[PDB]
Amino acid sequence: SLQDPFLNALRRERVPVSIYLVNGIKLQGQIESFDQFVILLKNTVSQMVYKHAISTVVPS
Amino acid sequence: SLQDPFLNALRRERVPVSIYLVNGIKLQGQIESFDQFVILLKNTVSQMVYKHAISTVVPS
Amino acid sequence: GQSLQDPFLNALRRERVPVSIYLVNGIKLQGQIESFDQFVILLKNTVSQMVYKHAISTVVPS
Amino acid sequence: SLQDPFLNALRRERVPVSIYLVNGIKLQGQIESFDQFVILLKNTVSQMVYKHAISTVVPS
Amino acid sequence: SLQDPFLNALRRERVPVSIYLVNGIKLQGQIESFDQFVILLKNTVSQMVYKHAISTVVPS
Amino acid sequence: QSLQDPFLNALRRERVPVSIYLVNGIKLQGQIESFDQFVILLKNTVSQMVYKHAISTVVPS
RNA sequence: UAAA
């Protein structure tokens, strides 16, 4: 798995990320946690993002 | 599983949440219940939403 | 597991409730749920059509 | 399985069908064969349709 | 499997094909090769197309 | 498997500039740094992780 | 950063 180390490194070092959804919309925040299906993305509070709806994840 | 505690917290408290679908549609209501593949969202109606059609679940 | 979906669709089927099925592409289908399995729902209006669940976003009583 | 008897009846009886795709397009033909993943649809030509791209199948 | 025979027939005879994607884009060329998840489509250059994105494969 | 991995591995090893077209039509560009069963790491200014479920086509630029 |  490249995905888990890539996300764990963004999580562990509290890096700001942009998550682009499959419809083009860009979300931003920090990865609080993730599992096989979802990413919890936190600003004030965490929204839950389904991985099946994500196209790309980048630091920024 | 991160989904179950995340959704059960919203369900127990009956707070408003926005469910954004992969096609951009925003649904607004309370999480009435859920299972492995669907969420029941309650406003003036109770509607069953397939998780495969959901991008994000965002507490209001 | 399926403890929500199956009783929700079965109740609609049993009581012949007019339903709306919204597809992910935005189209609204209407009819009665005649039956369903793991992957499809049979929706009856003038005739029965097989709707793939993977194409569906929402199901609600009309 | 409801899917398999539904499609087999159309196939065996040579029923003209409309297959609606997830982008709204309607294809028309007779079902030549199908498996877990695809339906082969015959009109003027033979074409392979992936089930994941189908929303609806109905006799025309 | 209906895919392997269908696609091999096109590959073998060098049939010009249209590969329609679920988003409506029409790709055109000849089938160079394929596996369980992708089709290699050759025209100006050789492009790898994910089957999960394909709606239909049809002669041009 | 037997076609996907050699295709992507050759692009990776020679550091070929590639175009990755997403299902929403957007075109991404960069170098394939690495890949696994579910994602491609795509390198340009930064490294971004691209989910394969969101990709329609991969082609050298 | 979005179609109550």
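Residues numbered from 1 in each chain as written, not as in the entry; some residues may be left out. Chains lettered and ligands numbered in written order. Heavy atoms only, no water. Residues with missing side-chain atoms left out of burial classes, pairs and counts.

Moving on, we come to the interface of chain A and chain B. Counting from both sides, the interface comprises 18 residues of chain A and, opposite them, 16 residues of chain B. A combined buried area of about 1300 Å² lies between chain A and chain B, and 67% of that area is made up of carbon and sulfur atoms. Here chain A and chain B share 0 salt bridges between them. At the junction of chain A and chain B, the tally comes to 6 residue pairs in polar contact. Per-element accounting of the side of chain A that touches chain B gives the leading share, 5 residues, to strand β4 (residues 46-50) of chain A. In the side of chain A that touches chain B, the residues fall into 12 nonpolar, 5 polar and 1 charged. Relative to strand β5 (residues 54-59) of chain B, β4 of chain A runs antiparallel, the two being bridged by 2 bridges. (Contact = heavy atoms within 4.5 Å. Buried area = accessible area lost by both parts, 1.4 Å probe. Salt bridge = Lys/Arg side-chain N within 4 Å of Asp/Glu carboxyl O. Polar contact = N/O pair within 3.5 Å; in protein donor to acceptor, adjacent residues only side chain to side chain. Helix = DSSP H or I, 4+ residues; strand = E, 2+ residues; numbered from the N terminus. Nonpolar A, V, L, I, M, F, W, Y, C, P; charged D, E, K, R; others polar. Pairing = 2+ DSSP bridges.)

Residue and element names in this part refer to chain B. Positive charge collects at one region of the surface, where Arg11, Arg12, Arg14 and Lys42 lie side by side. By the secondary structure assignment, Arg11 is in helix α1 (residues 3-13). Taking relative accessible area as the criterion, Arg11 reaches 32% and is therefore assigned partly exposed. (Patch = residues over 30% accessible without salt bridge, like charges linked within 9 Å, V, L, I, M, F, W, Y side chains within 5 Å. Areas by Shrake-Rupley, 256 points an atom, 1.4 Å probe, with all protein chains shown as cover. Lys, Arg positive; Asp, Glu negative; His and termini not counted. Charge placed at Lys NZ, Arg CZ, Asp CG, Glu CD. Buried < 20%, exposed > 50% of the residue type's maximum accessible area, 1.4 Å probe, protein only.)

Between chains B and C lies the most contact-rich interface of the 6 pairs of chains that touch. Of all C-alpha pairs spanning chain A and chain D, none lies closer than 14 Å, and the two are not in contact. You won't find any contact between chain B and chain E; their C-alpha atoms come no closer than 12 Å.

The next point concerns the relation of the copies chain A and chain B. For these two chains of identical sequence, chain A goes onto chain B by a turn of 59° and a shift of 0.8 Å along the axis, with RMSD 0.6 Å. Taken together, the rotation and translation describe the operation of a six-fold axis. By C-alpha distance to the rotation axis, the residue of chain A lying nearest is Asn23 of chain A, at 5.9 Å. (Least-squares fit on C-alpha atoms.)

What follows covers the protein's contact with RNA strand G. Surveying the vicinity of RNA strand G reveals 15 residues, the closest of which are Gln28 and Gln47 of chain A together with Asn23, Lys26 and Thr56 of chain B. Take the atoms of RNA strand G that sit within 4 Å of the protein: sugar and phosphate atoms are 36% of them. One of the backbone N or O atoms of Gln28 of chain A is found 2.8 Å from a base oxygen in RNA strand G. One nitrogen or oxygen atom from the side chain of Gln47 of chain A is found 3.0 Å from a base nitrogen belonging to RNA strand G. Counting residues per element, the ones that place at least two in the surface near RNA strand G are β2 (26-34) of chain A together with β5 of chain B. (Near = heavy atom within 4 Å.)

What follows covers the layout of surface pockets. If a probe as big as a water molecule is rolled over the atoms, it shows which places are left empty. The calculated volume of the second largest pocket comes to roughly 190 Å³. What lines the second largest pocket is a set of 17 residues, and nearest its centre among them are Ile25 and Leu27 of chain D together with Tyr20, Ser55 and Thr56 of chain E. The set of elements that each furnish at least two residues to the lining of the second largest pocket consists of β1 (17-21) and β5 (54-59) of chain E. Examining the composition of the lining of the second largest pocket, we find that 4 residues originate from one element, β5 of chain E, more than from any other. Per-class residue counts for the lining of the second largest pocket are 10 nonpolar, 7 polar and no charged. (1 Å grid on protein atoms, 1.4 Å probe; cavity = no way out; pocket = protein on both sides within 12 Å on 5 of 7 lines; lining within 4 Å. Points joined across faces, edges and corners; volume = space filled by probe spheres on them.)

Below, the discussion takes up the side chain of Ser46 of chain A. Mapped onto the elements, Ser46 of chain A comes out in strand β4. If sequence neighbours within four positions are ignored, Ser46 of chain A has contacts with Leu40 and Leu41 of chain A together with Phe6 and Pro59 of chain B.

What follows deals with the interface of chain B and chain C. Think of interface size as the accessible area that goes away when the parts come together; that is how it is often given. Contacts between the two partners involve 19 residues from chain B and, on the opposite side, 18 residues from chain C. When chain B packs against chain C, close to 1400 Å² is buried across both sides, 62% of that on carbon and sulfur atoms. Looking at the side of chain B facing chain C, the largest losses of area belong to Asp35, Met48 and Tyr50 of chain B, adding up to 41% of the total buried there. At the surface where chain B touches chain C, the tally comes to 0 salt bridges.

Every buried residue belonging to helix α1 (residues 4-13) of chain F is among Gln4, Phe7, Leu8 and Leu11 of chain F, and all of these are buried. Considered in projection along α1 of chain F, the buried side chains sweep an arc of 85° and stay on one side of the axis. Those residues of α1 of chain F hidden inside the fold are in contact with β3 (38-42) and β4 (46-50) of chain E together with β1 (17-22), β2 (27-35), β3 (39-43) and β5 (55-60) of chain F. Where α1 of chain F terminates, the next one or two residues include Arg15 of chain F, which has phi positive at roughly 55°. (Arc of directions from axis to C-beta.)

The next thing to look at is the pairing of strand β3 (residues 38-42) of chain B. Working note: regular strand, side chains alternate between the two faces of the sheet. Residues and elements named next belong to chain B. Most of β3 is tucked away, with 4 of its 5 residues classed as buried. Between the end of strand β2 (residues 26-34) and the start of β3, which pair antiparallel, lie 3 residues. Hairpin connection from β3 to strand β4 (residues 46-50): 3 residues lie between these consecutive antiparallel strands.

Attention now goes to the UniProt feature "binding site: UMP" (unreviewed entry) in chain F. The residues that UniProt annotates with the feature "binding site: UMP" (unreviewed entry) are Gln4, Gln37, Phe38, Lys52 and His53 of chain F. In summary, the annotated positions, though distributed over 50 residues, converge in three dimensions, the widest C-alpha pair being only 13.9 Å. One can find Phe38 of chain F in the loop between β2 and β3. Residue classification places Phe38 of chain F among the partly exposed positions, given a relative accessible area of 48%. For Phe38 of chain F, the residues in contact, after removing those within four places along its chain, are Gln3 of chain A together with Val50, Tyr51 and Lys52 of chain F. Structurally, the position occupied by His53 of chain F is in the loop between β4 (47-51) and β5. Within polar-contact distance, the side chain of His53 of chain F engages the backbone oxygen of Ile54 of chain A at 2.8 Å. (UniProt positions renumbered as here; feature names shortened; annotations may be inferred.)

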